Amino acid sequence: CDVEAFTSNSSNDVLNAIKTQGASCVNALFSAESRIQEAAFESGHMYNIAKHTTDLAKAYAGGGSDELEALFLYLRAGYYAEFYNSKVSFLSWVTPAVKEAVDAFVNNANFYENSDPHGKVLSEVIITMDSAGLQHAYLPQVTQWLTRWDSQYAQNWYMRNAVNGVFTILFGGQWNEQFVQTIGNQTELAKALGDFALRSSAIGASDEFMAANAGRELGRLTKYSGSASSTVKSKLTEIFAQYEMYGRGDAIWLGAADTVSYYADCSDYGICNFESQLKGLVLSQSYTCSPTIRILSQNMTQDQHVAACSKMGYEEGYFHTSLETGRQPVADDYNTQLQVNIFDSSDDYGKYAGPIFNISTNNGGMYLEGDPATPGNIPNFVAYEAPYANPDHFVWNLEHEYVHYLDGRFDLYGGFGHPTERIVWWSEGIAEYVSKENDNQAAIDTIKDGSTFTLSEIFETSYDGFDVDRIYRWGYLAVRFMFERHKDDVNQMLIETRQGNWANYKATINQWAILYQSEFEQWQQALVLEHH
Amino acid sequence: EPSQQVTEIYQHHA
Amino acid sequence: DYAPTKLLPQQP
Ligand SMILES: [Ca+2]
Ligand SMILES: [Zn+2]
């Protein structure tokens with residue numbers, strides 16, 4: 001790969017770079033520095049490359065095409081950069097040339113071929129329909145792909161990738177005025193989408209995730225009105241009857257229930273309040289560690305429950321001793337017993353945790369402190385098991401996340417959003433320090449690499465840009481430093497955070513950043529030298 | 001919102 | 001939120 005070759009003023013140079021370097025090298029342009037994106041995705045390049053792609057796509061004879069894979073990838077990479085990079089903006093004559101190229105591939109007699117090589121290029125064409133804002137333009141093709149799909153197509157990884165792209169088109173179409181104006185009249189699309197979701201062959205198969213996506217996009221169609229409305233409703237009713245919320249086909253049932261509940265009236269489908277029933281079915285095990293921790297879980301062994309309770313119990317004691325709490329919570333906090341809700345896998349978490357807890361699940365779990373003053377508030381840590389989580393409980397992120405409950409109830413006044421000063425360094429630093437104690441090789445390593453942060457910088461850390469090195473490793477280092485060298489100061493700070501005096505908290509740690517920077521560096525030096 | 005064919009198990013918490 | 005697609009997953 002040579003990313004600089006894509007920066008030439010000559011469109012032929014750029015075309016040649018696409019063709020010779022191929023898709024794996026074009027990948028770099030999605031992430032490249034702005035200078036490269038601005039030069040690779042000039043309007044003239046997008047237009048000239050699309051025009052070349054049109055001719056090549058017309059000539060395509062099936063069996064895959066490395067060049068067309070790379071060319072369509074490049075075109076939709078341009079729309080990616082145009083979205084995120086304020087210095088990349090297309091003139092109005094770009095997208096019609098791109099639409100012409102997609103048309104050429106769509107109208108090719110080979111468009112519906114079933115093969116992995118064809119799927120590699122077909123995938124990038126289908127995603128370009130979304131990236132280029134052409135969600136309104138290929139609904140008959142979306143419909144054909146939904147109805148043609150079968151067990152033979154489903155054998156091929158890249159055909160699964162490609163046809164799964166039609167759900168990306170449907171989702172992105174919400175922002176496309178022509179799409180929103182026509183989608184509600186697409187009765188054949190609605191029937192094919194519903195019948196795709198109802199394919200019993202998908203259950204337990206490599207394409208189940210596609211059927212679940214189809215059920216979700218079908219439920220989303222209830223937000224539109226038109227001649228397809230009765231078909232959408234009929235097919236959703238069939239999904240809710242054929243499958244169930246916990247059991248065979250529940251990924252499709254729950255996918256559809258998610259969007260139906262949000263965009264339509266749950267009572268038209270008989271699924272109102274399904275989330276609470278679902279909770280009792282999925283989180284069917286209850287194991288009370290103690291008055292301060294209770295586990296609800298899907299499928300843990302007794303040994304795992306015992307291990308989780310004793311690990312948390314050890315951290316709980318270490319926390320209260322280290323933070324000198326006297327086991328007295330902050331005021332206006334009645335989060336007396338943490339509920340630890342553990343699904344059997346990340347897959348299960350992504351399927352069930354969303355509706356049960358009203359959360360996004362594109363993550364590794366989360367602790368929900370809620371509003372600690374409100375009667376009936378429930379503190380919920382939501383998590384899953386994983387093969388490479390910590391023995392012997394094998395609950396992903398358990399030891400770190402558990403400290404957030406303790407820090408929230410005994411150190412930080414109010415709910416999660418109460419602070420009016422930045423506190424990420426403390427929250428994540430204390431979660432790391434209590435859970436890992438002095439065993440943190442990654443923290444030593446980030447000193448050794450010579451790139452560091454001052455205390456001033458650490459205290460300003462935010463989640464924006466998610467610098468995990470800064471947030472977790474340098475947060476840990478500042479916290480550990482303060483506990484080892486200035487514990488009296490930490491106690492002074494906690495007087496303010498425990499009452500919600502965030503301005504006083506800021507003034508307190510502002511003094512630390514002025515006074516202690518050279519000692520912080522000396523302490524880092526000693527830590528590194530100990531390692532050597 | 002639709003899922004890709006592969007999703008990551010070992011993520012940071014939200 | 002709308003977000004354009006980045007990379008598709010390759011077969012392991
Ligand atoms: Ca709190
Ligand atoms: Zn954390």
# chains A, B, ... in the order shown; residues from 1 in each chain; ligands from 1

$ residues_near_ligand --ligand "ligand 1" --cutoff "8 Å" --atoms "only C-alpha atoms and all ligand atoms" --output "count of residues only"
14

$ residues_near_ligand --ligand "ligand 2" --cutoff "7 Å" --atoms "only C-alpha atoms and all ligand atoms" --output "VMD selection string"
(chain A and resid 400 to 401 404 427 to 428 431) or (chain B and resid 13)

$ closest_atom_pairs --of "chain B" --to "chain A" --cutoff "6 Å" --atoms "only C-alpha atoms" --output "CSV"
residue,atom,partner,partner_atom,distance
B:2,CA,A:213,CA,5.3
B:9,CA,A:346,CA,5.6
B:11,CA,A:364,CA,4.5
B:12,CA,A:364,CA,5.0
B:13,CA,A:364,CA,4.4
B:14,CA,A:363,CA,5.4

$ closest_atom_pairs --of "chain B" --to "chain C" --cutoff "10 Å" --atoms "only C-alpha atoms" --output "Markdown table"
| residue | atom | partner | partner_atom | distance |
| --- | --- | --- | --- | --- |
| B:1 | CA | C:1 | CA | 8.9 |
| B:4 | CA | C:9 | CA | 7.6 |
| B:5 | CA | C:9 | CA | 6.9 |
| B:6 | CA | C:9 | CA | 6.4 |
| B:7 | CA | C:9 | CA | 9.1 |

$ write_last_selection --atoms "N, CA, C and O atoms" --output "PDB file, in the first residue's frame"
ATOM      1  N   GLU B   1     -28.644   0.887  12.782  1.00  0.00           N
ATOM      2  CA  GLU B   1     -28.959   0.119  13.981  1.00  0.00           C
ATOM      3  C   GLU B   1     -28.829  -1.379  13.727  1.00  0.00           C
ATOM      4  O   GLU B   1     -28.646  -2.163  14.657  1.00  0.00           O
ATOM      5  N   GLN B   4     -23.898  -5.787  12.061  1.00  0.00           N
ATOM      6  CA  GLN B   4     -23.036  -6.402  11.064  1.00  0.00           C
ATOM      7  C   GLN B   4     -22.886  -7.897  11.346  1.00  0.00           C
ATOM      8  O   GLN B   4     -23.340  -8.412  12.371  1.00  0.00           O
ATOM      9  N   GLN B   5     -22.228  -8.603  10.424  1.00  0.00           N
ATOM     10  CA  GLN B   5     -22.063 -10.045  10.596  1.00  0.00           C
ATOM     11  C   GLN B   5     -21.163 -10.390  11.780  1.00  0.00           C
ATOM     12  O   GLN B   5     -21.285 -11.483  12.344  1.00  0.00           O
ATOM     13  N   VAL B   6     -20.284  -9.479  12.182  1.00  0.00           N
ATOM     14  CA  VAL B   6     -19.362  -9.684  13.293  1.00  0.00           C
ATOM     15  C   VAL B   6     -19.499  -8.504  14.245  1.00  0.00           C
ATOM     16  O   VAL B   6     -19.542  -7.352  13.802  1.00  0.00           O
ATOM     17  N   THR B   7     -19.553  -8.782  15.528  1.00  0.00           N
ATOM     18  CA  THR B   7     -19.608  -7.763  16.560  1.00  0.00           C
ATOM     19  C   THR B   7     -18.589  -8.124  17.674  1.00  0.00           C
ATOM     20  O   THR B   7     -18.372  -9.280  17.964  1.00  0.00           O
TER      21      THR B   7
END

$ interface_residues --of "chain A" --to "chain C" --cutoff "10 Å" --atoms "only C-alpha atoms" --output "number ranges by chain"
A: 27, 30-31, 73, 76-77, 79-84, 120, 123-124, 127-128, 130-133, 156-158, 161-162, 165, 168, 171-175

$ write_last_selection --atoms "N, CA, C and O atoms" --output "short mmCIF file (atom, residue, chain, number, x, y, z; two decimals), in the first residue's frame"
data_model
loop_
_atom_site.label_atom_id
_atom_site.label_comp_id
_atom_site.auth_asym_id
_atom_site.auth_seq_id
_atom_site.Cartn_x
_atom_site.Cartn_y
_atom_site.Cartn_z
N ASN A 27 -8.78 0.74 1.94
CA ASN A 27 -9.25 0.81 3.33
C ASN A 27 -8.59 1.94 4.10
O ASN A 27 -9.22 2.55 4.98
N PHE A 30 -10.30 5.57 4.68
CA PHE A 30 -11.33 5.85 5.67
C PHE A 30 -10.75 6.53 6.90
O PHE A 30 -11.43 7.35 7.54
N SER A 31 -9.51 6.20 7.27
CA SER A 31 -8.89 6.63 8.51
C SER A 31 -7.76 7.63 8.31
O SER A 31 -7.18 8.09 9.30
N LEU A 73 -15.57 0.65 -3.23
CA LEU A 73 -15.12 0.95 -1.88
C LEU A 73 -14.58 2.37 -1.79
O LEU A 73 -14.87 3.09 -0.84
N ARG A 76 -17.52 5.02 -1.90
CA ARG A 76 -18.23 5.18 -0.63
C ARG A 76 -17.29 5.61 0.49
O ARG A 76 -17.76 6.21 1.47
N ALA A 77 -15.99 5.37 0.36
CA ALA A 77 -15.03 5.97 1.29
C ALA A 77 -15.05 7.48 1.17
O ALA A 77 -14.93 8.20 2.18
N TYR A 79 -17.70 9.33 0.44
CA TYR A 79 -18.86 9.81 1.18
C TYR A 79 -18.65 9.71 2.68
O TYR A 79 -19.19 10.53 3.44
N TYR A 80 -17.90 8.70 3.12
CA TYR A 80 -17.53 8.61 4.53
C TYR A 80 -16.72 9.83 4.94
O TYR A 80 -17.05 10.50 5.93
N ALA A 81 -15.67 10.14 4.18
CA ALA A 81 -14.84 11.31 4.48
C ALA A 81 -15.64 12.60 4.36
O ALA A 81 -15.45 13.53 5.14
N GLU A 82 -16.54 12.67 3.37
CA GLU A 82 -17.33 13.89 3.22
C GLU A 82 -18.20 14.13 4.44
O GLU A 82 -18.41 15.28 4.85
N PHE A 83 -18.71 13.06 5.04
CA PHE A 83 -19.55 13.20 6.22
C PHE A 83 -18.75 13.74 7.41
O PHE A 83 -19.19 14.66 8.10
N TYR A 84 -17.58 13.16 7.66
CA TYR A 84 -16.85 13.45 8.89
C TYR A 84 -15.83 14.58 8.75
O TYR A 84 -15.49 15.20 9.76
N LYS A 120 -18.12 -9.99 -2.71
CA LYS A 120 -17.14 -9.01 -2.26
C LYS A 120 -17.38 -7.65 -2.93
O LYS A 120 -17.38 -6.61 -2.26
N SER A 123 -21.19 -6.37 -2.22
CA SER A 123 -21.28 -5.74 -0.90
C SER A 123 -21.00 -4.25 -0.96
O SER A 123 -21.72 -3.44 -0.37
N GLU A 124 -19.91 -3.87 -1.63
CA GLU A 124 -19.55 -2.47 -1.66
C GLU A 124 -20.53 -1.66 -2.49
O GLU A 124 -20.76 -0.49 -2.18
N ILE A 127 -23.64 -1.11 -0.17
CA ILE A 127 -23.40 -0.09 0.86
C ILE A 127 -23.30 1.30 0.22
O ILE A 127 -23.72 2.29 0.82
N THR A 128 -22.78 1.39 -1.01
CA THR A 128 -22.72 2.70 -1.68
C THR A 128 -24.11 3.29 -1.86
O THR A 128 -24.27 4.52 -1.82
N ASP A 130 -26.37 3.34 0.25
CA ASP A 130 -26.62 4.13 1.45
C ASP A 130 -25.65 5.31 1.55
O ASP A 130 -26.06 6.44 1.80
N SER A 131 -24.35 5.04 1.36
CA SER A 131 -23.34 6.07 1.59
C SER A 131 -23.57 7.29 0.70
O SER A 131 -23.39 8.43 1.14
N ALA A 132 -23.99 7.06 -0.54
CA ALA A 132 -24.19 8.13 -1.51
C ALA A 132 -25.57 8.76 -1.42
O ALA A 132 -25.90 9.62 -2.24
N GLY A 133 -26.40 8.35 -0.45
CA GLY A 133 -27.71 8.95 -0.29
C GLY A 133 -28.72 8.51 -1.33
O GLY A 133 -29.63 9.28 -1.68
N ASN A 156 -22.57 -18.37 1.77
CA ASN A 156 -21.44 -17.56 1.35
C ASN A 156 -21.30 -16.32 2.24
O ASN A 156 -22.18 -15.46 2.26
N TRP A 157 -20.18 -16.26 2.96
CA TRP A 157 -19.90 -15.16 3.89
C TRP A 157 -20.16 -13.80 3.26
O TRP A 157 -20.80 -12.94 3.86
N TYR A 158 -19.63 -13.58 2.06
CA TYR A 158 -19.71 -12.24 1.48
C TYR A 158 -21.06 -11.96 0.85
O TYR A 158 -21.43 -10.79 0.72
N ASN A 161 -22.79 -10.67 3.92
CA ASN A 161 -22.41 -9.27 4.06
C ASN A 161 -23.21 -8.40 3.12
O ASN A 161 -23.75 -7.35 3.51
N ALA A 162 -23.32 -8.82 1.86
CA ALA A 162 -23.88 -7.95 0.83
C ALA A 162 -25.36 -7.71 1.07
O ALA A 162 -25.82 -6.56 1.11
N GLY A 165 -26.56 -5.59 3.80
CA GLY A 165 -26.52 -4.18 3.48
C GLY A 165 -27.87 -3.55 3.18
O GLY A 165 -28.02 -2.34 3.34
N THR A 168 -29.04 -1.69 6.10
CA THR A 168 -28.37 -0.40 6.21
C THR A 168 -29.06 0.65 5.35
O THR A 168 -29.24 1.80 5.77
N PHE A 171 -32.35 1.63 7.02
CA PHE A 171 -32.11 2.47 8.19
C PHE A 171 -31.70 3.88 7.77
O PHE A 171 -32.24 4.88 8.28
N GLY A 172 -30.72 3.98 6.86
CA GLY A 172 -30.28 5.30 6.42
C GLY A 172 -31.35 6.08 5.68
O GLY A 172 -31.34 7.31 5.67
N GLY A 173 -32.29 5.37 5.04
CA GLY A 173 -33.36 6.03 4.31
C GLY A 173 -34.21 6.95 5.16
O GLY A 173 -34.90 7.81 4.60
N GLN A 174 -34.17 6.82 6.49
CA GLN A 174 -34.94 7.72 7.35
C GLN A 174 -34.57 9.18 7.13
O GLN A 174 -35.38 10.07 7.43
N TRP A 175 -33.36 9.45 6.65
CA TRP A 175 -32.88 10.80 6.45
C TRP A 175 -32.98 11.25 5.00
O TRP A 175 -32.43 12.30 4.64
#

$ closest_residue --among "A:381, A:426, A:60, A:516" --to "residue 480 (chain A)" --atoms "only C-alpha atoms"
A:426

$ residues_around --residues "residue 43 (chain A)" --least-positions-apart "3" --cutoff "12 Å" --atoms "only C-alpha atoms" --output "list in words"
residues 9, 11, 37, 38, 39, 40, 46, 47, 48, 49, 50, 75, 78, 79, 82, 87, 88, 89, 90, 91, 92, 93, 94, 95, 96, 97 and 98 of chain A

$ write_last_selection --atoms "N, CA and C atoms" --output "mmCIF file, in the first residue's frame"
data_model
loop_
_atom_site.group_PDB
_atom_site.id
_atom_site.type_symbol
_atom_site.label_atom_id
_atom_site.label_comp_id
_atom_site.auth_asym_id
_atom_site.auth_seq_id
_atom_site.Cartn_x
_atom_site.Cartn_y
_atom_site.Cartn_z
ATOM 1 N N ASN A 9 -3.010 15.070 -8.304
ATOM 2 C CA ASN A 9 -4.005 15.892 -8.992
ATOM 3 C C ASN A 9 -4.591 15.187 -10.203
ATOM 4 N N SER A 11 -6.566 12.468 -12.052
ATOM 5 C CA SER A 11 -7.527 11.404 -11.765
ATOM 6 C C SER A 11 -7.060 10.053 -12.291
ATOM 7 N N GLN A 37 -7.229 12.687 2.741
ATOM 8 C CA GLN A 37 -8.639 12.596 2.369
ATOM 9 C C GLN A 37 -9.039 13.735 1.436
ATOM 10 N N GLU A 38 -8.624 14.962 1.766
ATOM 11 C CA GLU A 38 -8.957 16.115 0.934
ATOM 12 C C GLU A 38 -8.439 15.945 -0.487
ATOM 13 N N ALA A 39 -7.243 15.371 -0.641
ATOM 14 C CA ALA A 39 -6.671 15.212 -1.972
ATOM 15 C C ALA A 39 -7.228 13.995 -2.703
ATOM 16 N N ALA A 40 -7.515 12.903 -1.987
ATOM 17 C CA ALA A 40 -8.009 11.703 -2.656
ATOM 18 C C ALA A 40 -9.460 11.855 -3.100
ATOM 19 N N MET A 46 -13.773 11.914 -7.695
ATOM 20 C CA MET A 46 -14.984 11.113 -7.501
ATOM 21 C C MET A 46 -15.736 10.945 -8.812
ATOM 22 N N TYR A 47 -15.869 12.033 -9.568
ATOM 23 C CA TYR A 47 -16.583 11.987 -10.835
ATOM 24 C C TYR A 47 -15.853 11.117 -11.855
ATOM 25 N N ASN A 48 -14.553 11.351 -12.041
ATOM 26 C CA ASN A 48 -13.815 10.599 -13.051
ATOM 27 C C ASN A 48 -13.751 9.115 -12.704
ATOM 28 N N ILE A 49 -13.600 8.798 -11.423
ATOM 29 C CA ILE A 49 -13.519 7.397 -11.032
ATOM 30 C C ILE A 49 -14.877 6.727 -11.193
ATOM 31 N N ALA A 50 -15.955 7.432 -10.838
ATOM 32 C CA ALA A 50 -17.290 6.884 -11.056
ATOM 33 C C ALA A 50 -17.544 6.611 -12.536
ATOM 34 N N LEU A 75 -15.348 4.950 -3.750
ATOM 35 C CA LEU A 75 -16.419 5.939 -3.883
ATOM 36 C C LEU A 75 -17.174 6.121 -2.573
ATOM 37 N N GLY A 78 -15.244 7.995 -0.046
ATOM 38 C CA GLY A 78 -15.361 9.433 -0.234
ATOM 39 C C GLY A 78 -16.551 10.019 0.496
ATOM 40 N N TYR A 79 -17.698 9.329 0.444
ATOM 41 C CA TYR A 79 -18.862 9.815 1.180
ATOM 42 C C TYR A 79 -18.654 9.708 2.680
ATOM 43 N N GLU A 82 -16.538 12.675 3.372
ATOM 44 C CA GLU A 82 -17.326 13.893 3.219
ATOM 45 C C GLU A 82 -18.198 14.135 4.440
ATOM 46 N N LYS A 87 -13.417 19.513 5.601
ATOM 47 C CA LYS A 87 -12.671 19.988 4.445
ATOM 48 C C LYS A 87 -12.916 19.153 3.197
ATOM 49 N N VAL A 88 -13.842 18.198 3.247
ATOM 50 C CA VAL A 88 -14.231 17.407 2.083
ATOM 51 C C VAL A 88 -15.703 17.696 1.829
ATOM 52 N N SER A 89 -16.000 18.332 0.696
ATOM 53 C CA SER A 89 -17.375 18.620 0.300
ATOM 54 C C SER A 89 -17.481 18.425 -1.201
ATOM 55 N N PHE A 90 -18.489 17.681 -1.641
ATOM 56 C CA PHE A 90 -18.653 17.376 -3.055
ATOM 57 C C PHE A 90 -19.519 18.430 -3.736
ATOM 58 N N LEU A 91 -19.160 18.764 -4.973
ATOM 59 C CA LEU A 91 -20.037 19.547 -5.824
ATOM 60 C C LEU A 91 -21.209 18.690 -6.288
ATOM 61 N N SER A 92 -22.246 19.356 -6.799
ATOM 62 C CA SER A 92 -23.508 18.668 -7.060
ATOM 63 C C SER A 92 -23.422 17.666 -8.209
ATOM 64 N N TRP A 93 -22.386 17.731 -9.045
ATOM 65 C CA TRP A 93 -22.288 16.797 -10.157
ATOM 66 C C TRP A 93 -21.589 15.488 -9.789
ATOM 67 N N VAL A 94 -21.211 15.291 -8.527
ATOM 68 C CA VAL A 94 -20.559 14.041 -8.129
ATOM 69 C C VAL A 94 -21.578 12.909 -8.015
ATOM 70 N N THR A 95 -22.576 13.082 -7.156
ATOM 71 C CA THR A 95 -23.483 11.973 -6.868
ATOM 72 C C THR A 95 -24.202 11.438 -8.102
ATOM 73 N N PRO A 96 -24.646 12.248 -9.068
ATOM 74 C CA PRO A 96 -25.226 11.635 -10.272
ATOM 75 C C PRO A 96 -24.263 10.710 -10.995
ATOM 76 N N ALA A 97 -22.958 11.013 -11.005
ATOM 77 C CA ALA A 97 -22.019 10.088 -11.635
ATOM 78 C C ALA A 97 -21.917 8.789 -10.840
ATOM 79 N N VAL A 98 -21.945 8.888 -9.510
ATOM 80 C CA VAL A 98 -21.913 7.701 -8.658
ATOM 81 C C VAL A 98 -23.174 6.871 -8.851
#

$ select_by_dssp --residues "region 286-402 of chain A" --states "alpha helix (DSSP H)" --output "PyMOL selection string"
chain A and resi 302-322+346-348+354-357+398-402

$ residues_around --residues "residue 380 (chain A)" --least-positions-apart "3" --cutoff "8 Å" --atoms "only C-alpha atoms" --output "PyMOL selection string"
chain A and resi 338-341+367-369

$ residues_around --residues "residue 223 (chain A)" --least-positions-apart "2" --cutoff "10 Å" --atoms "only C-alpha atoms" --output "NGL selection string"
:A and (174 or 180 or 184 or 218-221 or 225 or 229 or 259-260 or 262-264)

$ residues_around --residues "residue 448 (chain A)" --least-positions-apart "6" --cutoff "12 Å" --atoms "only C-alpha atoms" --output "MDAnalysis selection string"
chainID A and resid 441:442 521 524:532

$ write_last_selection --atoms "N, CA and C atoms" --output "PDB file, in the first residue's frame"
ATOM      1  N   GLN A 441       0.384  -3.405  34.601  1.00  0.00           N
ATOM      2  CA  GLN A 441       1.540  -3.294  33.715  1.00  0.00           C
ATOM      3  C   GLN A 441       1.316  -2.266  32.617  1.00  0.00           C
ATOM      4  N   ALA A 442       0.079  -2.135  32.134  1.00  0.00           N
ATOM      5  CA  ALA A 442      -0.192  -1.147  31.096  1.00  0.00           C
ATOM      6  C   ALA A 442       0.074   0.264  31.596  1.00  0.00           C
ATOM      7  N   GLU A 521       6.200  13.244  38.656  1.00  0.00           N
ATOM      8  CA  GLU A 521       7.199  12.705  37.739  1.00  0.00           C
ATOM      9  C   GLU A 521       8.226  11.848  38.469  1.00  0.00           C
ATOM     10  N   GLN A 524       6.577   8.578  39.185  1.00  0.00           N
ATOM     11  CA  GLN A 524       6.584   7.786  37.954  1.00  0.00           C
ATOM     12  C   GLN A 524       7.949   7.157  37.717  1.00  0.00           C
ATOM     13  N   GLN A 525       9.014   7.940  37.915  1.00  0.00           N
ATOM     14  CA  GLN A 525      10.368   7.418  37.761  1.00  0.00           C
ATOM     15  C   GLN A 525      10.598   6.218  38.674  1.00  0.00           C
ATOM     16  N   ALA A 526      10.234   6.346  39.953  1.00  0.00           N
ATOM     17  CA  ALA A 526      10.397   5.227  40.884  1.00  0.00           C
ATOM     18  C   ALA A 526       9.592   4.006  40.450  1.00  0.00           C
ATOM     19  N   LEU A 527       8.371   4.221  39.950  1.00  0.00           N
ATOM     20  CA  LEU A 527       7.547   3.110  39.480  1.00  0.00           C
ATOM     21  C   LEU A 527       8.227   2.370  38.337  1.00  0.00           C
ATOM     22  N   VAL A 528       8.764   3.121  37.373  1.00  0.00           N
ATOM     23  CA  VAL A 528       9.455   2.516  36.239  1.00  0.00           C
ATOM     24  C   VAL A 528      10.710   1.784  36.706  1.00  0.00           C
ATOM     25  N   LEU A 529      11.492   2.423  37.582  1.00  0.00           N
ATOM     26  CA  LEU A 529      12.732   1.809  38.047  1.00  0.00           C
ATOM     27  C   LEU A 529      12.455   0.532  38.831  1.00  0.00           C
ATOM     28  N   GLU A 530      11.360   0.514  39.598  1.00  0.00           N
ATOM     29  CA  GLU A 530      10.957  -0.713  40.275  1.00  0.00           C
ATOM     30  C   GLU A 530      10.722  -1.830  39.267  1.00  0.00           C
ATOM     31  N   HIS A 531      10.052  -1.512  38.161  1.00  0.00           N
ATOM     32  CA  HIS A 531       9.789  -2.502  37.124  1.00  0.00           C
ATOM     33  C   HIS A 531      11.080  -3.036  36.510  1.00  0.00           C
ATOM     34  N   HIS A 532      12.126  -2.212  36.445  1.00  0.00           N
ATOM     35  CA  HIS A 532      13.404  -2.633  35.849  1.00  0.00           C
ATOM     36  C   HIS A 532      14.326  -3.316  36.861  1.00  0.00           C
TER      37      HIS A 532
END

$ decode --residues "chain C" --atoms "N, CA, C and O atoms" --output "PDB file, in the first residue's frame"
ATOM      1  N   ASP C   1     -28.281   7.886  15.544  1.00  0.00           N
ATOM      2  CA  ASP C   1     -27.734   8.886  14.630  1.00  0.00           C
ATOM      3  C   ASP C   1     -27.328   8.243  13.313  1.00  0.00           C
ATOM      4  O   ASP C   1     -26.870   7.096  13.303  1.00  0.00           O
ATOM      5  N   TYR C   2     -27.490   8.958  12.201  1.00  0.00           N
ATOM      6  CA  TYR C   2     -26.975   8.433  10.944  1.00  0.00           C
ATOM      7  C   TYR C   2     -25.455   8.472  10.954  1.00  0.00           C
ATOM      8  O   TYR C   2     -24.845   9.448  11.399  1.00  0.00           O
ATOM      9  N   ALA C   3     -24.844   7.406  10.447  1.00  0.00           N
ATOM     10  CA  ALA C   3     -23.416   7.389  10.277  1.00  0.00           C
ATOM     11  C   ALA C   3     -23.146   6.553   9.035  1.00  0.00           C
ATOM     12  O   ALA C   3     -23.709   5.452   8.916  1.00  0.00           O
ATOM     13  N   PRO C   4     -22.324   7.036   8.109  1.00  0.00           N
ATOM     14  CA  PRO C   4     -21.968   6.215   6.946  1.00  0.00           C
ATOM     15  C   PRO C   4     -21.120   5.023   7.355  1.00  0.00           C
ATOM     16  O   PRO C   4     -20.336   5.082   8.306  1.00  0.00           O
ATOM     17  N   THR C   5     -21.271   3.939   6.598  1.00  0.00           N
ATOM     18  CA  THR C   5     -20.566   2.695   6.882  1.00  0.00           C
ATOM     19  C   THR C   5     -19.060   2.841   6.677  1.00  0.00           C
ATOM     20  O   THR C   5     -18.607   3.454   5.709  1.00  0.00           O
ATOM     21  N   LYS C   6     -18.282   2.255   7.593  1.00  0.00           N
ATOM     22  CA  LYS C   6     -16.836   2.156   7.398  1.00  0.00           C
ATOM     23  C   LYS C   6     -16.496   0.848   6.687  1.00  0.00           C
ATOM     24  O   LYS C   6     -16.880   0.662   5.527  1.00  0.00           O
ATOM     25  N   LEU C   7     -15.792  -0.077   7.346  1.00  0.00           N
ATOM     26  CA  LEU C   7     -15.397  -1.319   6.693  1.00  0.00           C
ATOM     27  C   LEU C   7     -16.375  -2.451   6.998  1.00  0.00           C
ATOM     28  O   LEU C   7     -16.942  -2.534   8.090  1.00  0.00           O
ATOM     29  N   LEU C   8     -16.554  -3.325   6.023  1.00  0.00           N
ATOM     30  CA  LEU C   8     -17.317  -4.545   6.243  1.00  0.00           C
ATOM     31  C   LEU C   8     -16.408  -5.634   6.809  1.00  0.00           C
ATOM     32  O   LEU C   8     -15.198  -5.627   6.562  1.00  0.00           O
ATOM     33  N   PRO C   9     -16.946  -6.586   7.573  1.00  0.00           N
ATOM     34  CA  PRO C   9     -16.088  -7.618   8.183  1.00  0.00           C
ATOM     35  C   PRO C   9     -15.653  -8.675   7.175  1.00  0.00           C
ATOM     36  O   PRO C   9     -16.469  -9.225   6.431  1.00  0.00           O
ATOM     37  N   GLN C  10     -14.355  -8.963   7.168  1.00  0.00           N
ATOM     38  CA  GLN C  10     -13.807 -10.026   6.345  1.00  0.00           C
ATOM     39  C   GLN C  10     -13.964 -11.376   7.043  1.00  0.00           C
ATOM     40  O   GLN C  10     -14.090 -11.461   8.265  1.00  0.00           O
ATOM     41  N   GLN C  11     -13.949 -12.429   6.242  1.00  0.00           N
ATOM     42  CA  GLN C  11     -14.104 -13.790   6.748  1.00  0.00           C
ATOM     43  C   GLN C  11     -12.817 -14.245   7.427  1.00  0.00           C
ATOM     44  O   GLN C  11     -11.746 -14.166   6.817  1.00  0.00           O
ATOM     45  N   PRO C  12     -12.875 -14.722   8.681  1.00  0.00           N
ATOM     46  CA  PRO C  12     -11.663 -15.246   9.320  1.00  0.00           C
ATOM     47  C   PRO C  12     -11.323 -16.639   8.817  1.00  0.00           C
ATOM     48  O   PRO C  12     -10.602 -16.729   7.822  1.00  0.00           O
TER      49      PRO C  12
END
